[PDB]
2 protein chains.
Amino acid sequence: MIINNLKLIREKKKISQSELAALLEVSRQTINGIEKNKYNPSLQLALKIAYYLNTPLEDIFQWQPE
Amino acid sequence: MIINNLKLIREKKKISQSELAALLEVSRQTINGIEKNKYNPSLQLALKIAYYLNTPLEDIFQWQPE
Ligand code: NA
């Protein structure tokens, strides 16, 4: 299980869902889906998110060790 | 593009493919495949690799735009 903090980090930076989607070249539905915990992103999308949000990836997507 | 440093990092830490595969509960072939850049892991598997290698995920898998 991964717990994500994307909503909070995105909102803190004052970035809307459509703004982030446009930067990452994905759909708003994709961003919203991640934030509503419907599913995890691909490795590549996770890495793009961390890159542009200038935040260590593990601050955004936290695997609960098991 | 994704730069992949898994082999280099695993090797410096003197963890065999077999031992890493066992911690991750995947085939050794799967670790080998990821090391040789044949395919990418899911995000969760990537986070587990980072956990067992005690290394930030972005030092193992480095995405660069363009
Ligand atoms: Na990282």
# chains A, B, ... in the order shown; residues from 1 in each chain; ligands from 1
>>> residues_near_ligand(ligand="ligand 1", cutoff="6 Å", atoms="only C-alpha atoms and all ligand atoms", output="PyMOL selection string")
(chain A and resi 56-58) or (chain B and resi 56-58)
>>> calpha_fit_rmsd(fixed="chain B", moving="chain A")
0.7 Å
>>> closest_atom_pairs(of="chain A", to="chain B", cutoff="12 Å", atoms="only C-alpha atoms", output="CSV")
residue,atom,partner,partner_atom,distance
A:1,CA,B:44,CA,7.7
A:2,CA,B:44,CA,7.1
A:3,CA,B:44,CA,10.7
A:4,CA,B:44,CA,11.8
A:23,CA,B:65,CA,11.4
A:24,CA,B:65,CA,10.2
A:25,CA,B:65,CA,11.6
A:39,CA,B:43,CA,10.8
A:40,CA,B:43,CA,7.3
A:41,CA,B:43,CA,6.9
A:42,CA,B:43,CA,5.7
A:43,CA,B:43,CA,4.5
A:44,CA,B:63,CA,7.2
A:45,CA,B:43,CA,9.2
A:46,CA,B:43,CA,7.4
A:47,CA,B:63,CA,6.1
A:48,CA,B:63,CA,6.9
A:49,CA,B:63,CA,10.3
A:50,CA,B:58,CA,8.9
A:51,CA,B:63,CA,7.9
A:52,CA,B:65,CA,10.1
A:54,CA,B:58,CA,11.7
A:55,CA,B:58,CA,10.7
A:56,CA,B:58,CA,7.8
A:57,CA,B:57,CA,7.0
A:58,CA,B:57,CA,7.4
A:59,CA,B:56,CA,10.5
A:60,CA,B:47,CA,11.5
A:61,CA,B:47,CA,8.5
A:62,CA,B:47,CA,7.9
A:63,CA,B:47,CA,6.3
A:64,CA,B:48,CA,9.4
A:65,CA,B:48,CA,7.9
A:66,CA,B:48,CA,9.4
>>> select_by_dssp(residues="chain B", states="helix (DSSP H, G or I)", output="PyMOL selection string")
chain B and resi 6-12+17-24+28-35+43-52+57-60
>>> residues_around(residues="range 28-36 of chain A", least_positions_apart="6", cutoff="7 Å", atoms="only C-alpha atoms", output="list in words")
residues 6, 7, 17, 18 and 21 of chain A
>>> write_last_selection(atoms="C-alpha atoms", output="PDB file, in the first residue's frame")
ATOM      1  CA  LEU A   6      -0.186  14.850  -3.825  1.00  0.00           C
ATOM      2  CA  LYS A   7      -3.380  16.838  -3.054  1.00  0.00           C
ATOM      3  CA  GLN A  17      -5.457  20.209 -11.076  1.00  0.00           C
ATOM      4  CA  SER A  18      -5.689  21.492 -14.681  1.00  0.00           C
ATOM      5  CA  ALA A  21      -2.142  18.141 -15.774  1.00  0.00           C
TER       6      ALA A  21
END
>>> select_by_dssp(residues="chain A", states="strand (DSSP E or B)", output="ChimeraX atom specification")
/A:2-4,61-63
>>> write_last_selection(atoms="N, CA and C atoms", output="PDB file, in the first residue's frame")
ATOM      1  N   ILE A   2       0.516   2.212  -0.844  1.00  0.00           N
ATOM      2  CA  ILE A   2       1.146   3.524  -0.912  1.00  0.00           C
ATOM      3  C   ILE A   2       0.145   4.582  -0.420  1.00  0.00           C
ATOM      4  N   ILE A   3       0.582   5.429   0.496  1.00  0.00           N
ATOM      5  CA  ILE A   3      -0.170   6.610   0.895  1.00  0.00           C
ATOM      6  C   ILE A   3       0.422   7.778   0.137  1.00  0.00           C
ATOM      7  N   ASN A   4      -0.402   8.594  -0.508  1.00  0.00           N
ATOM      8  CA  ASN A   4       0.136   9.762  -1.213  1.00  0.00           C
ATOM      9  C   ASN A   4      -0.309  11.106  -0.632  1.00  0.00           C
ATOM     10  N   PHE A  61       4.903   9.973  -2.379  1.00  0.00           N
ATOM     11  CA  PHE A  61       4.358   8.615  -2.471  1.00  0.00           C
ATOM     12  C   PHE A  61       5.134   7.791  -1.461  1.00  0.00           C
ATOM     13  N   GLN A  62       4.442   7.392  -0.410  1.00  0.00           N
ATOM     14  CA  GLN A  62       5.048   6.682   0.706  1.00  0.00           C
ATOM     15  C   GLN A  62       4.541   5.243   0.784  1.00  0.00           C
ATOM     16  N   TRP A  63       5.396   4.296   0.451  1.00  0.00           N
ATOM     17  CA  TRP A  63       5.106   2.887   0.655  1.00  0.00           C
ATOM     18  C   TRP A  63       5.103   2.578   2.151  1.00  0.00           C
TER      19      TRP A  63
END
